[PDB]
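**Q** One structure follows; several queries about it will come next.
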Protein chains: 2
Amino acid sequence: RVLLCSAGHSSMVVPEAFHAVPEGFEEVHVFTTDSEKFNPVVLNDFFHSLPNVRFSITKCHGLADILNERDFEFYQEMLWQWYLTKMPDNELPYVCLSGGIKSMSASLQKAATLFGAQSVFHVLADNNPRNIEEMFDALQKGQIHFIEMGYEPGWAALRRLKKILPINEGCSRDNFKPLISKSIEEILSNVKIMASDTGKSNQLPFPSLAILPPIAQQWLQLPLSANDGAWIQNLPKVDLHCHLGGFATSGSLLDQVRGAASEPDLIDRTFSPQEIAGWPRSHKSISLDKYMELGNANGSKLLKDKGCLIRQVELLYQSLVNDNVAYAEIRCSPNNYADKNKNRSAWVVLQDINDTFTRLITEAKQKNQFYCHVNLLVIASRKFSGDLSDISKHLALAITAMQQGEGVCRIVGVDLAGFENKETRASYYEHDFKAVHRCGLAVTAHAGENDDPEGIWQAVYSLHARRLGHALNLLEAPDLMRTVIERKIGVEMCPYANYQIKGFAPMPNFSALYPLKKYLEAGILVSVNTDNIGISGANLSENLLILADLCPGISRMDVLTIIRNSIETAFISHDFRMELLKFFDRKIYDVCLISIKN
Amino acid sequence: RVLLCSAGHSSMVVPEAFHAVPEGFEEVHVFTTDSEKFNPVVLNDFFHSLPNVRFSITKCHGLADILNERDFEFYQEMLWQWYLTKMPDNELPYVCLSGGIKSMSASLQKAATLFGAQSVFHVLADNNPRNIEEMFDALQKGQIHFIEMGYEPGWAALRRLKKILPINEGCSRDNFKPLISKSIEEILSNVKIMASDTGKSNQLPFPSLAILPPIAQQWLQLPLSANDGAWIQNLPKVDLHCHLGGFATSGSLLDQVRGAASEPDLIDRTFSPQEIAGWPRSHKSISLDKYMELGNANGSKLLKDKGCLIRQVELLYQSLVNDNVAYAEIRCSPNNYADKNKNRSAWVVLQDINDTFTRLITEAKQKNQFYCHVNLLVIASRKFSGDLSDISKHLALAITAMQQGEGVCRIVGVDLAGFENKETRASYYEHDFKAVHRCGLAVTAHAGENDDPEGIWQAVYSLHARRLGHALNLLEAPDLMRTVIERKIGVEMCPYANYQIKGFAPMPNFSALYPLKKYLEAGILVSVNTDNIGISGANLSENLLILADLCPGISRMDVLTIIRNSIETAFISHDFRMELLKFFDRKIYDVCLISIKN
Ligand SMILES: Nc1ncnc2c1ncn2[C@@H]1O[C@H](COP(=O)(O)OP(=O)(O)OP(=O)(O)O)[C@@H](O)[C@H]1O
Ligand SMILES: [Mg+2]
Ligand SMILES: [Mg+2]
């Protein structure tokens, strides 16, 4: 534990403060003015007699004493900076103020009641000793009193400034930056709002956003622009549509993933994807057959090798972490990644993926970096070319994948993905799903891509699906939005992928307007995703960035509420959801405040 | 404008403090200990030169100096009490902090931070003035210096703490009661309670709850007690399960209704209740049966006519408004009140109810009062043996009612209540609801009070229900418990009804405990309701009050979360939900900042 104090003429207050806790203090630091009256020799001797306790002195350099308003405000600002930079990262610190004249004592007490303190107290000696040999017996005689006027909690989030303002070392009065002004204006202009409006208080998610100063709060409501990309890079994000096999399809990713293949003889390195003019900003709509022929370079031909798959998983995890993503669900198809000649069953492949992800999560968590949680989603394919029984296999595997349970990464549910050419919607597979919901899994459904808005109703009701894929043409069925919104049914959508494959504004000759803003206005639980991280040629950061051009007039509150919806619609447990929400709220406050100070 | 300060050995601080604002002042008060060093002559002579203002001196009897813990606590108690009784009625005062030694400085700074002050400031003069002429010259020279720490909004609930104890007519050490120290120890006990608590600390209900002072939040963390009735009485609330047919059934509440009978003859006036002793605190648990006979004073027998029904609905709306319920839904079964001979069809009854509700709402809205928006629920009671075809009729009625659309009040869904049994589960009526879901209706299911778990599973998966009634036995089937949590299927539970039916808050010979605390901890979107108002003999406010003795260890923040859940699972459109959220956040912030003083 740590304590803070200020000393003036009374140079022996610090040893009395150290004796406050019978257990014994661990860190002692004192902030004092430039006055020569304070004697560092006695304190240095006392703290060298107890080397086990860390010791550090900071001094208000350039100000011997306070005599005008400027001296007081400079000293108070330096004191607040010192308190901010010297408080413990997690626990609140202890405070003593028995030394110093009324000015510094009051300033540090207001600091304690502003920044929070573990325990604030005073020491008073009846015999007012001067050297150690006197208060030794004074505390032995009991004349020394350790008074406590009460614990002070302080604001729940007002030490977070320790990150937004690079606690700078200090500065001559000419190089003056008023942190005092920032704290005062934030407190005032967020309290000088009364109970009138205060409407945007609830209209915003992440309830700590209200505490954010209005100097940036009104900046949040301004329409989004393509120049704010740096900011959204620092935003913690959530991805729900990221195919595992859709990562290494272009760039040096291909070279690195093929270099990790155990046998380079079988891999056909000659095949290369065809480039599209202006990619990812294509000048025309790209057909779906063109979509997975562009993605035909990746798939299952090269990931059959165990080492190649391991390297792909590690590279995808590294790309996820480097993009400030905090949570992700990865769609995988183990059946495609299995073979019997080398005796690699699909269950073995899924177990290997799970082990790789949990090992990466644990190794990232041990060293306390920013790591992204990953959960898996087994693909129950449309199963082209007959042999329908395969799908049932997948479902069974899914159940037996969930019952393993133990680990940090888990199989949260199944998927219903495939071509819309066969017109098969819900009823063509409904004969099997009377057991997945019984187990306790979750069912998504990529439907409504280019077909009628009818089968989506069966997907919502007959399948009890909790999320929907794409479905950009929901505007033609208001009776469908009624049940979509009323049921709190989430919707996943990937602006880059669907924009490339179908075409939207502002691309000329395409008059269809992108409905994401309309969906948000209607209240649909919308979640922006990446679909195929590699083939689409754009990660989640640019995928969210492009909305400033795809849907003009979109605001930053919209981006934050999409993030909130993506958090809400994830297939996660309750306690994990709250933990994720708390971490996301703290980090979102941090970034949204650091951004405006630049 | 008032000046609040403490003077010890120094008496020259007060003239400078008065001369702080060039505009002058009107009132000055000074507190002091029993120290004989303090001389009052100088201040009296100075203030007599300005008779237009009022001056006073406060002396701490029997305390000359602070030498130990008892002296410190005594001085703190009397200074806090004196500062509280000198509080101006509606305006924050100005505080001076350059008198005495640092102890009173820190104590009164803490007092100013807690109770609030217009502006706290310190004086300082180089010459250290002693008498009148020389300090007047010092003020003329401009050598006087004034430093204002900042305007403190203050915590606005310790104000009419004056109203209970303004002054204990000169309290002595033999009769001193440090009530302010009791409040401080209350907050300290809250701190040592919540210092190792997770879960709840996550996500306040609505935002703008964080802008409250930290003391307010710390108070909010305190577990709720039976003494906090007035706070929730002022608190806006929401009802979702209220029976119209059981509002007035005892006391004088049915007298004015029956009194307003259209045909004052066929109205029986001889029925009596079952002479229940402990109602609504009845320790003896009675199991159904006696309920319907107890409520026979109202219902079908009395609601056949028109005037009585209008009087009953007006009285119910008045009671709803009186309890600060900002939104509620009422269960009703119009086919039970229809009279074919008098041309009063079921549709006629429903139209009359809707029209009177919307007229009352419009009348309340015209006067800019606290109008309670009310929506309707039609009950498809499981009459079973008697002409089950009527069931379909009821559903048809609903589909034909909400279609009319226009009006503030509407029929938003159906209720599947009735004789819950092995047969009467969701397994025979599910053929008919194909229509209901196609018309944007919401379906509840009163089940689980005596039914098996698989019946609840069918209800939540076959009828696509969105809320459940009672359902007190969810802890015995963790699988359906989880499928309730992660599907966001709300649970309506009535505390008083289940208390009088089953056994919790142990009466003699019963040890079963209410699971509401476990329900909330697990993350279910639980919602406290009333079922019936009359027969239960308790409105919503007492229903929430009884929770303190029903589920000990529940905190008021969880009560706010319960309100949020209630306003989350209500069947309403998104925009109306947002507006309702705004109004609720406003009223709750105002309540917790103003009326929480008790
Ligand atoms: N569910 C989570 N998801 C991602 N990261 C988490 C999660 N839980 C904890 N962490 C990590 O715990 C660490 C705690 O950090 P800490 O409280 O010390 O704040 P900080 O060091 O000032 O800034 P930062 O949050 O960036 O580390 C965070 O870095 C965070 O990445
Ligand atoms: Mg996809
Ligand atoms: Mg009922």
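Within each chain, counting starts at residue 1; across the structure tokens, chains are named A, B, ... in the order shown, with ligands numbered 1 upward in that order.
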So these two share a sequence; what Cα RMSD do you get laying chain A over chain B, all Cα, in order, least squares?

**A**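 When all C-alpha atoms are superposed, the deviation is 7.6 Å.
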
**Q** Using DSSP secondary structure from the backbone, list all alpha helix (DSSP H) positions within segment 110-299 of chain A, as a count of residues only.

**A** 66

**Q** Taking into account only C-alpha atoms, which residue in the set A:18, A:433, A:82, A:146 is nearest to chain B?

**A**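 Of A:18, A:433, A:82, A:146, the one nearest chain B, counting only C-alpha atoms, is A:146.
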
**Q** Based on only C-alpha atoms, which of the residues in chain A come within 6 Å of chain B? I want them as an NGL selection string.

**A** :A and (102 or 154-155 or 195 or 199 or 201-202 or 207 or 523)

**Q** Measuring between only C-alpha atoms and all ligand atoms, which one of A:253, A:321, A:547, A:554 shows the shortest distance to ligand 1?

**A** A:321

**Q** If we count only C-alpha atoms and set the cut-off at 9 Å, which residues sit around residue 358 of chain B, ignoring sequence neighbours fewer than 4 positions away in its own chain? Please answer as a list in words.

**A**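 Close residues of residue 358 of chain B: residues 353, 354, 362, 363, 373, 374, 407, 408, 409 and 410 of chain B.
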
**Q** Could you take the residues named above and write them with N, CA, C and O atoms, as a short mmCIF file (atom, residue, chain, number, x, y, z; two decimals), in the first residue's frame?

**A**
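Final output, saved to result_0.cif:
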data_model
loop_
_atom_site.label_atom_id
_atom_site.label_comp_id
_atom_site.auth_asym_id
_atom_site.auth_seq_id
_atom_site.Cartn_x
_atom_site.Cartn_y
_atom_site.Cartn_z
N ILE B 353 -63.76 0.21 -22.49
CA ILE B 353 -62.57 0.29 -21.65
C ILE B 353 -61.48 1.10 -22.36
O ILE B 353 -60.86 1.99 -21.76
N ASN B 354 -61.25 0.80 -23.64
CA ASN B 354 -60.23 1.52 -24.39
C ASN B 354 -60.57 3.01 -24.47
O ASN B 354 -59.69 3.86 -24.30
N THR B 362 -55.79 11.49 -22.24
CA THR B 362 -55.78 12.79 -22.90
C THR B 362 -56.09 13.92 -21.91
O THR B 362 -55.45 14.97 -21.94
N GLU B 363 -57.05 13.69 -21.02
CA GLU B 363 -57.38 14.70 -20.01
C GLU B 363 -56.19 14.98 -19.10
O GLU B 363 -55.90 16.14 -18.79
N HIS B 373 -49.30 6.27 -18.83
CA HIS B 373 -49.66 5.55 -20.05
C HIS B 373 -50.00 4.11 -19.73
O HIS B 373 -49.26 3.43 -19.01
N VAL B 374 -51.12 3.63 -20.26
CA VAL B 374 -51.64 2.31 -19.94
C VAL B 374 -51.99 1.59 -21.24
O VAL B 374 -52.68 2.15 -22.10
N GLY B 407 -55.22 5.80 -31.14
CA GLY B 407 -55.45 5.96 -29.72
C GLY B 407 -54.19 5.77 -28.90
O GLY B 407 -53.29 5.03 -29.30
N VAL B 408 -54.13 6.44 -27.75
CA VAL B 408 -52.97 6.30 -26.87
C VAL B 408 -52.94 4.91 -26.24
O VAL B 408 -51.86 4.33 -26.06
N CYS B 409 -54.09 4.36 -25.88
CA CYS B 409 -54.18 3.04 -25.29
C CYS B 409 -54.43 2.00 -26.38
O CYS B 409 -55.07 2.28 -27.39
N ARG B 410 -53.91 0.80 -26.15
CA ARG B 410 -54.01 -0.25 -27.16
C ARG B 410 -53.94 -1.61 -26.48
O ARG B 410 -53.50 -1.73 -25.33
#

**Q** When the cut-off is 8 Å and you count only C-alpha atoms and all ligand atoms, which residues lie near ligand 2, shown as a PDB file with N, CA and C atoms, in the first residue's frame?

**A**
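Below is the file pocket_32.pdb, written as the result:
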ATOM      1  N   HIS A 241     -18.839 -12.121 -37.543  1.00  0.00           N
ATOM      2  CA  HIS A 241     -18.804 -12.880 -38.793  1.00  0.00           C
ATOM      3  C   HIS A 241     -17.379 -12.832 -39.333  1.00  0.00           C
ATOM      4  N   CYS A 242     -16.591 -13.861 -39.020  1.00  0.00           N
ATOM      5  CA  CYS A 242     -15.202 -13.961 -39.479  1.00  0.00           C
ATOM      6  C   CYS A 242     -14.912 -15.437 -39.741  1.00  0.00           C
ATOM      7  N   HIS A 243     -15.024 -15.840 -41.005  1.00  0.00           N
ATOM      8  CA  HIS A 243     -14.756 -17.223 -41.377  1.00  0.00           C
ATOM      9  C   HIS A 243     -13.285 -17.551 -41.154  1.00  0.00           C
ATOM     10  N   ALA A 417     -25.541 -21.933 -43.167  1.00  0.00           N
ATOM     11  CA  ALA A 417     -25.012 -21.147 -44.269  1.00  0.00           C
ATOM     12  C   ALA A 417     -24.965 -21.981 -45.542  1.00  0.00           C
ATOM     13  N   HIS A 446     -27.795 -17.455 -42.108  1.00  0.00           N
ATOM     14  CA  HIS A 446     -27.499 -16.542 -43.210  1.00  0.00           C
ATOM     15  C   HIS A 446     -28.593 -16.731 -44.253  1.00  0.00           C
ATOM     16  N   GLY A 469     -28.143 -13.341 -40.935  1.00  0.00           N
ATOM     17  CA  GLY A 469     -27.032 -12.938 -41.781  1.00  0.00           C
ATOM     18  C   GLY A 469     -27.513 -12.112 -42.961  1.00  0.00           C
ATOM     19  N   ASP A 531     -17.326 -10.567 -42.364  1.00  0.00           N
ATOM     20  CA  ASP A 531     -17.567 -11.725 -43.218  1.00  0.00           C
ATOM     21  C   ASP A 531     -16.267 -12.479 -43.469  1.00  0.00           C
ATOM     22  N   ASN A 532     -15.614 -12.192 -44.591  1.00  0.00           N
ATOM     23  CA  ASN A 532     -14.330 -12.790 -44.939  1.00  0.00           C
ATOM     24  C   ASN A 532     -13.252 -11.731 -44.746  1.00  0.00           C
TER      25      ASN A 532
END

**Q** Under the rule of at most 8 Å, produce a per-residue listing of chain A near ligand 1: chain, number, name, the closest pair of atoms, and the distance in Å, as JSON lines, using only C-alpha atoms and all ligand atoms.

**A**
{"residue": "A:89", "atom": "CA", "partner": "ligand 1", "partner_atom_place_in_ligand_line": "18 (O)", "distance": 6.3}
{"residue": "A:90", "atom": "CA", "partner": "ligand 1", "partner_atom_place_in_ligand_line": "17 (O)", "distance": 6.7}
{"residue": "A:160", "atom": "CA", "partner": "ligand 1", "partner_atom_place_in_ligand_line": "22 (O)", "distance": 7.8}
{"residue": "A:162", "atom": "CA", "partner": "ligand 1", "partner_atom_place_in_ligand_line": "22 (O)", "distance": 7.7}
{"residue": "A:163", "atom": "CA", "partner": "ligand 1", "partner_atom_place_in_ligand_line": "22 (O)", "distance": 6.4}
{"residue": "A:326", "atom": "CA", "partner": "ligand 1", "partner_atom_place_in_ligand_line": "4 (C)", "distance": 5.3}
{"residue": "A:327", "atom": "CA", "partner": "ligand 1", "partner_atom_place_in_ligand_line": "3 (N)", "distance": 7.2}
{"residue": "A:365", "atom": "CA", "partner": "ligand 1", "partner_atom_place_in_ligand_line": "11 (C)", "distance": 7.5}
{"residue": "A:368", "atom": "CA", "partner": "ligand 1", "partner_atom_place_in_ligand_line": "13 (C)", "distance": 5.7}
{"residue": "A:369", "atom": "CA", "partner": "ligand 1", "partner_atom_place_in_ligand_line": "29 (O)", "distance": 5.1}
{"residue": "A:370", "atom": "CA", "partner": "ligand 1", "partner_atom_place_in_ligand_line": "31 (O)", "distance": 3.4}
{"residue": "A:371", "atom": "CA", "partner": "ligand 1", "partner_atom_place_in_ligand_line": "4 (C)", "distance": 4.9}
{"residue": "A:372", "atom": "CA", "partner": "ligand 1", "partner_atom_place_in_ligand_line": "4 (C)", "distance": 5.5}
{"residue": "A:373", "atom": "CA", "partner": "ligand 1", "partner_atom_place_in_ligand_line": "3 (N)", "distance": 6.4}
{"residue": "A:576", "atom": "CA", "partner": "ligand 1", "partner_atom_place_in_ligand_line": "1 (N)", "distance": 7.8}
{"residue": "A:579", "atom": "CA", "partner": "ligand 1", "partner_atom_place_in_ligand_line": "1 (N)", "distance": 6.1}
{"residue": "A:580", "atom": "CA", "partner": "ligand 1", "partner_atom_place_in_ligand_line": "1 (N)", "distance": 4.9}
{"residue": "A:583", "atom": "CA", "partner": "ligand 1", "partner_atom_place_in_ligand_line": "7 (C)", "distance": 6.0}
{"residue": "A:584", "atom": "CA", "partner": "ligand 1", "partner_atom_place_in_ligand_line": "3 (N)", "distance": 7.8}
{"residue": "A:586", "atom": "CA", "partner": "ligand 1", "partner_atom_place_in_ligand_line": "25 (O)", "distance": 7.8}
{"residue": "A:587", "atom": "CA", "partner": "ligand 1", "partner_atom_place_in_ligand_line": "25 (O)", "distance": 6.4}

**Q** Pick out each residue of segment 227-387 of chain A that DSSP on the backbone tags as strand (DSSP E); I need them as a list in words.

**A**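 Put together, the selection reads residues 237, 238, 239, 240, 241, 242, 243, 325, 326, 327, 328, 329, 330, 331, 332, 373, 374, 375, 376, 377, 378, 379, 380 and 381 of chain A.
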
**Q** Within 9 Å of residue 234 of chain B, counting only C-alpha atoms, which residues show up once you throw out same-chain ones fewer than 2 positions away? Write them as a ChimeraX atom specification, please.

**A** /B:229-232,236,323-324,588,591,595-596

**Q** Convert the current residue selection to file output with N, CA, C and O atoms, as a PDB file, in the first residue's frame.

**A**
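Below you can see result27.pdb, which holds the result:
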ATOM      1  N   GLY B 229     -39.375   3.303   2.464  1.00  0.00           N
ATOM      2  CA  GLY B 229     -40.630   3.283   1.730  1.00  0.00           C
ATOM      3  C   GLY B 229     -40.902   4.572   0.979  1.00  0.00           C
ATOM      4  O   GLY B 229     -41.354   4.548  -0.168  1.00  0.00           O
ATOM      5  N   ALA B 230     -40.629   5.716   1.612  1.00  0.00           N
ATOM      6  CA  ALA B 230     -40.937   7.000   0.991  1.00  0.00           C
ATOM      7  C   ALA B 230     -40.144   7.202  -0.293  1.00  0.00           C
ATOM      8  O   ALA B 230     -40.651   7.788  -1.259  1.00  0.00           O
ATOM      9  N   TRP B 231     -38.895   6.732  -0.322  1.00  0.00           N
ATOM     10  CA  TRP B 231     -38.065   6.913  -1.508  1.00  0.00           C
ATOM     11  C   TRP B 231     -38.682   6.228  -2.720  1.00  0.00           C
ATOM     12  O   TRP B 231     -38.836   6.841  -3.782  1.00  0.00           O
ATOM     13  N   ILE B 232     -39.046   4.950  -2.581  1.00  0.00           N
ATOM     14  CA  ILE B 232     -39.655   4.252  -3.709  1.00  0.00           C
ATOM     15  C   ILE B 232     -41.063   4.769  -3.969  1.00  0.00           C
ATOM     16  O   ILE B 232     -41.565   4.672  -5.096  1.00  0.00           O
ATOM     17  N   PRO B 236     -40.627   6.739  -9.656  1.00  0.00           N
ATOM     18  CA  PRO B 236     -41.465   6.233 -10.747  1.00  0.00           C
ATOM     19  C   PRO B 236     -41.253   4.737 -10.920  1.00  0.00           C
ATOM     20  O   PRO B 236     -40.135   4.234 -10.794  1.00  0.00           O
ATOM     21  N   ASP B 323     -49.746   6.190  -7.203  1.00  0.00           N
ATOM     22  CA  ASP B 323     -48.559   5.436  -6.823  1.00  0.00           C
ATOM     23  C   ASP B 323     -47.345   5.769  -7.679  1.00  0.00           C
ATOM     24  O   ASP B 323     -46.344   5.051  -7.613  1.00  0.00           O
ATOM     25  N   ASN B 324     -47.422   6.823  -8.491  1.00  0.00           N
ATOM     26  CA  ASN B 324     -46.339   7.266  -9.364  1.00  0.00           C
ATOM     27  C   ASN B 324     -45.954   6.223 -10.404  1.00  0.00           C
ATOM     28  O   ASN B 324     -44.846   6.268 -10.944  1.00  0.00           O
ATOM     29  N   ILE B 588     -36.025   9.586 -12.065  1.00  0.00           N
ATOM     30  CA  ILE B 588     -35.235   8.870 -11.069  1.00  0.00           C
ATOM     31  C   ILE B 588     -34.041   9.704 -10.624  1.00  0.00           C
ATOM     32  O   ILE B 588     -33.714   9.748  -9.432  1.00  0.00           O
ATOM     33  N   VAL B 591     -35.450  12.288  -8.314  1.00  0.00           N
ATOM     34  CA  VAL B 591     -35.850  11.715  -7.033  1.00  0.00           C
ATOM     35  C   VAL B 591     -34.627  11.463  -6.165  1.00  0.00           C
ATOM     36  O   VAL B 591     -34.558  11.920  -5.018  1.00  0.00           O
ATOM     37  N   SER B 595     -35.509  14.039  -3.275  1.00  0.00           N
ATOM     38  CA  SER B 595     -36.443  13.515  -2.282  1.00  0.00           C
ATOM     39  C   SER B 595     -35.850  12.405  -1.427  1.00  0.00           C
ATOM     40  O   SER B 595     -36.539  11.887  -0.543  1.00  0.00           O
ATOM     41  N   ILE B 596     -34.590  12.032  -1.667  1.00  0.00           N
ATOM     42  CA  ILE B 596     -33.941  10.955  -0.923  1.00  0.00           C
ATOM     43  C   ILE B 596     -33.469  11.404   0.450  1.00  0.00           C
ATOM     44  O   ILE B 596     -32.801  10.633   1.152  1.00  0.00           O
TER      45      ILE B 596
END

**Q** Identify, counting only C-alpha atoms and all ligand atoms, the protein, DNA and RNA residues located within 12 Å of ligand 3, and give them as a PyMOL selection string.

**A** chain B and resi 240-246+288+291-292+330-333+377+379+381+415-420+444-447+449+468-471+492-498+529-533+535-536

**Q** Closest to residue 51 of chain B among B:26, B:411, B:577, B:305, using only C-alpha atoms?

**A**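 Using only C-alpha atoms, residue 51 of chain B sits closest to B:26.
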
**Q** Find the residues near residue 88 of chain A: any atom within 12 Å, counting only C-alpha atoms, skip ones fewer than 2 places away on the same chain, and give them as a VMD selection string.

**A** chain A and resid 1 to 4 26 to 28 82 to 86 90 to 94 115 to 118 159 to 160 162
